[PDB]
Amino acid sequence: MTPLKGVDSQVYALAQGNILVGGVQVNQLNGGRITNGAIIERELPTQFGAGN
Amino acid sequence: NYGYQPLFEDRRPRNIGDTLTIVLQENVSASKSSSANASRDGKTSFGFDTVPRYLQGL
Ligand SMILES: CCCCCCCCCCCCCCCC(=O)O[C@H](CCCCCCCCCCC)CC(=O)N[C@H]1[C@@H](OP(=O)(O)O)O[C@H](CO[C@@H]2O[C@H](CO)[C@@H](OP(=O)(O)O)[C@H](OC(=O)C[C@@H](CCCCCCCCCCC)OC(=O)CCCCCCCCCCCCC)[C@H]2NC(=O)C[C@@H](CCCCCCCCCCC)OC(=O)CCCCCCCCCCC)[C@@H](O)[C@@H]1OC(=O)C[C@H](O)CCCCCCCCCCC
């Protein structure tokens, strides 16, 4: 449950889940990826559809 | 507030409402001195207490 914030210090997502890391070229064991681990919370307003 | 805020900077004040801490630690000291002196002393003497007969005129 880490809050993901933008450059404006606003919480835009909530991330929680299980880390997946690769199991002589050793893999990076201090960095992992979570697929679908973050759920969005805020929606950025857009002008799309306005104007010509 | 929607403003942008850097992550790694030292969070210095940037706008009108920002607050800053001031440590006075003021210390000033100035001194001035002057002196002058002048001394003159003189003292002259002359006396016979015994005058020759030939010099009694002067
Ligand atoms: C930078 C250099 C520039 C050059 C400067 C030149 C010299 C600059 C001038 C320096 C000399 C000062 C002048 C003083 C007399 C004077 O004019 O200014 C007085 C006021 C003071 C003003 C001074 C301001 C200067 C301002 C400063 C300026 C400095 C620059 C007015 C006055 O006159 N006041 C006056 C008044 O008082 P009152 O008001 O109350 O009435 O009357 C009473 C009573 O009179 C006495 O009665 C006695 C009896 O009772 C009687 O004896 P009796 O025998 O009869 O018994 C007796 O007769 C006698 O002496 C009898 C006989 C004695 C012979 C013995 C042998 C001595 C030889 C001695 C030989 C001397 C050797 C140097 O005589 C003389 O032949 C005198 C010798 C003459 C030498 C000539 C030099 C040849 C060069 C020989 C050269 C030698 C080469 C090696 C009667 N004496 C008198 O009449 C008075 C006078 C009669 C003049 C007739 C004689 C021919 C003068 C003929 C010509 C003189 C012209 C000058 O004699 C003098 O002294 C004159 C001294 C001159 C010296 C100049 C040197 C020039 C160097 C030359 C250099 C260029 C006095 O006491 C009183 O005078 C006194 O008190 C004076 C006191 O004694 C002596 C103190 C001296 C201390 C040094 C000063 C210290 C003062 C310092 C402080 C300021």
Side-chain angles (χ1 to χ4, degrees):
Chain A
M1 256 318 326
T2 89
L4 296 167
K5 304 172 197 191
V7 296
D8 52 7
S9 293
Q10 272 178 111
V11 170
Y12 280 89
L14 299 170
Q16 160 160 310
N18 302 289
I19 318 287
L20 177 60
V21 314
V24 191
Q25 295 82 17
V26 281
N27 306 292
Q28 191 75 216
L29 38 69
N30 259 329
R33 198 178 171 85
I34 307 177
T35 295
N36 306 324
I39 308 147
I40 308 186
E41 297 313 11
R42 292 185 194 279
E43 317 194 272
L44 266 171
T46 194
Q47 313 158 209
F48 180 85
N52 281 280
Chain B
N1 66 74
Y2 276 110
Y4 155 79
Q5 296 178 333
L7 287 168
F8 308 115
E9 306 187 42
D10 269 343
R11 78 179 175 98
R12 300 158 183 179
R14 286 191 203 77
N15 297 80
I16 300 282
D18 288 3
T19 56
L20 169 65
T21 296
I22 306 274
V23 179
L24 306 153
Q25 67 172 76
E26 284 276 37
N27 190 338
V28 176
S29 169
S31 206
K32 156 177 69 176
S33 282
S34 290
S35 179
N37 60 357
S39 272
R40 191 173 84 187
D41 274 62
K43 172 201 86 348
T44 64
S45 176
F46 172 61
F48 261 88
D49 308 48
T50 299
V51 190
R53 178 52 90 57
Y54 59 87
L55 273 186
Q56 286 274 346
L58 294 162

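Heavy atoms only: backbone and side chains are in, while hydrogens, waters and symmetry mates are out. Whatever order the structure lists them in is the order used to number ligands and atoms, beginning at 1. So that the names make sense, note that chain A is the first sequence line, chain B the second, and so on, each numbered from 1.
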(message) Please evaluate residues A:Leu4 and A:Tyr12 with respect to the criterion side chain to side chain contact (heavy atoms under 4.5 Å, CB included), reporting the C-alpha separation (whole Å), side-chain torsions for both, the decisive distance (0.1 Å), and the verdict.
(response) CA-CA 6 Å; A:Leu4 296 167; A:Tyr12 280 89; 5.8 Å; no
(request) Show your reasoning for whether side chain to side chain contact (heavy atoms under 4.5 Å, CB included) applies to B:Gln5 and A:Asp8. (result) CA-CA 6 Å; B:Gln5 296 178 333; A:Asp8 52 7; over 6 Å; no
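Contact annotation: the side chain of A:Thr2 never approaches that of A:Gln16 to less than 4.5 Å [non-hydrogen atoms, C-beta and beyond].
By the neighbour-count criterion of 12 heavy atoms within 6.0 Å, atom CG of A:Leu20 is sparsely surrounded, having that number or fewer from other residues, nucleotides or ligands. Enclosure of atom CG in A:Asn18 is not indicated, since only 12 or fewer non-hydrogen atoms of other residues, nucleotides or ligands lie within 6.0 angstrom.
A ring-centre distance under 6.0 Å is found for B:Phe48 and B:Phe46.
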What does the contact table look like for ligand 1 (nitrogen or oxygen on each side, cut-off under 3.5 Å)?
from: ligand 1; atom 1: 129 (O); to: B:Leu58; atom 2: O; distance (Å): 2.8

